[PDB]
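Two forms of the same protein chain are encoded below as structure tokens; each is given separately, as structure 1 and structure 2.
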Structure 1
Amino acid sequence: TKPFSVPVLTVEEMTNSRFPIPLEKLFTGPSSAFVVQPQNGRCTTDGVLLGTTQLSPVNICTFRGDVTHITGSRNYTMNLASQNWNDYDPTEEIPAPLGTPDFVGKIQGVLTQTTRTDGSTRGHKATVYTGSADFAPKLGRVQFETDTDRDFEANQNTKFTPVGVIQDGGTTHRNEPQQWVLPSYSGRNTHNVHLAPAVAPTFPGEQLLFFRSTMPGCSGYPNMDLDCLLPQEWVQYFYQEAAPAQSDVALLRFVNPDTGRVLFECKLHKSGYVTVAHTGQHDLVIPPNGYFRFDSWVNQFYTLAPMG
């Protein structure tokens, strides 16, 4: 009986749920050629978090723990803690710690550390390759490449803050990251577990609607496109509201609040993704003050007004 709704927020007011950066635009494209199975930004419309999804956007692609130096290298193994520094439990029924990256690529950021006895601190450039054999966050271990072979201490609180992505400029431009390729969360010690399911439009003539950002690039010629299935604020809002789904499909209209004019309509599926009636790869051009409005639950046969 509690009524469903989505937040009154513009696209630019919202945040990507797969990296800590604002949304920029709405994009639609076919996706039959590849598997769409992101693990961050996954939530049902009645507020059940899925995959590796957690609530605050600043924890997305962050890691915390302590580090051990790999002798003869500038590499360090982080022994992960949970996002609140609690001991990490690998038997929890999740694919990896909440907020773990859900794509294969090279994420550059900064490893910072505090020494607890005296409050001394340090920071160094660091990169995590999430396709590495040594990317094993589900087992509590992640390897970082850094610019030091000596400065970090053992058993001291250490954090990785993500900044952006890189690419090898001597190879084909934009060939990485690969945002729809999941990592092996156990570094191939075993298969991935407890995943949010892959998504695909099932209705004739429909495509996914993607909430898109441009990740910062730190070196090379990376593919900076990053698409999420739900804005982080929608995850946060559905978790709070926990309104029951009266059918499997919520009908949303995208509206200009100055005029009341509806720009387009789309389907928000109960399991947490959006489709539109469109064929082709296109950016939507929108009014900056436009926002989504929930109008009606609809049945499995409802045909959207075509766009594009």
Structure 2
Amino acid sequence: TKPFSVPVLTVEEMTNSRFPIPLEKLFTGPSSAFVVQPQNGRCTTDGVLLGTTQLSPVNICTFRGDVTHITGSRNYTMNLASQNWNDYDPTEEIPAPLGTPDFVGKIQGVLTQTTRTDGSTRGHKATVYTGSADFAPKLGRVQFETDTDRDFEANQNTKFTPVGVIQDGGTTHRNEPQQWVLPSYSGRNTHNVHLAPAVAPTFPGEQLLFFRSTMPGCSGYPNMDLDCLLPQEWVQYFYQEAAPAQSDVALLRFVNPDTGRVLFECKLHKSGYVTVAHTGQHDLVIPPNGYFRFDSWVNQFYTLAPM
């Protein structure tokens, strides 16, 4: 049986698993008001991928396929392929193509396209509203609003690269995007399937620990906080190692490498999320100058040192 272990990169050196941006800090606080059920960055400690989670750190919130122009508008429908350019199989036991955004919001980026005959290329500003009625990734179809009504060919390799989130619904409002609201993967008035389960603290005196980044803003006053349950490097590591879990809870310790000091303690749960001993109604943000160190398996009855 292979010994379990976690990567030794500091939080500063790891990537967010719900958007292709670096991690910036740790975050813990009460989240009982939300339903915490992200579909990206979902992986068990023995390396079983869940939800829509895949292995690439740059293929998060990206789309690939060909586009059909919606006449009378600057909008395009992208008939989806998988991230590795295979035919998308909508009958796979997944909620949506792997890497699909797992939050309602307006994601801004660029649509690039290459014509395979002469190698001519083109790129245009594009926004995808993951709350739109024609956001149906599970059916293989997503709609983009671009800045053109002519400069995109049919049946040519097209890619959407995400950059950030925008905001023009409630203006100054920080009411969007909404990181804990799942899209309707099959479109307006449909129900999601094969979701990775929602997570919450079980032990008394404990709260969820989040790996937090700040999404770039491209317009307005967006809510740019993005919390993931696992660094994308941990998803990669667990998938490769596939070490058996001797217990439902791995005991980790947050250590500053420059000093060797332990800053706090935490439980890594078999299903792929972290909890700490913290129980105010106030938030706590931790700078990312530390890495996690697996020390031993314990039971769910372990009482962590508070922080």
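Rigid core (definition): largest C-alpha set, two forms, superposition within 1.5 Å. Residue indices: 1-based, along structure 1.
Trainee: After aligning the rigid core, which of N256, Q240, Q246, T68 is the one whose Cα travels 2 Å or more between structures 1 and 2?
Mentor: Comparing the C-alpha positions, the one residue that moves 2 Å or more is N256.
Trainee: Once the core is aligned, please say if the CA of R188 is shifted by at least 2 angstroms between structures 1 and 2.
Mentor: Superposed on the core, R188 moves its C-alpha 2 Å or more between structures 1 and 2.
Trainee: Following rigid core alignment, is the displacement of the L284 C-alpha between structures 1 and 2 equal to or greater than 2 angstroms?
Mentor: It does shift by 2 Å or more.
Trainee: Do you see a C-alpha shift of 2 Å or more at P204 between structures 1 and 2, with the core held fixed?
Mentor: No, because once the rigid core is superposed, the C-alpha of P204 moves less than 2 Å between structures 1 and 2.
Trainee: What Cα shift, in Å, does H173 show between structures 1 and 2 once the core is superposed?
Mentor: Between its two positions, the C-alpha of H173 lies 2.1 Å apart after core fitting.
Trainee: Cα of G220: shift between structures 1 and 2 in Å, core-fitted?
Mentor: A shift of 0.6 Å.
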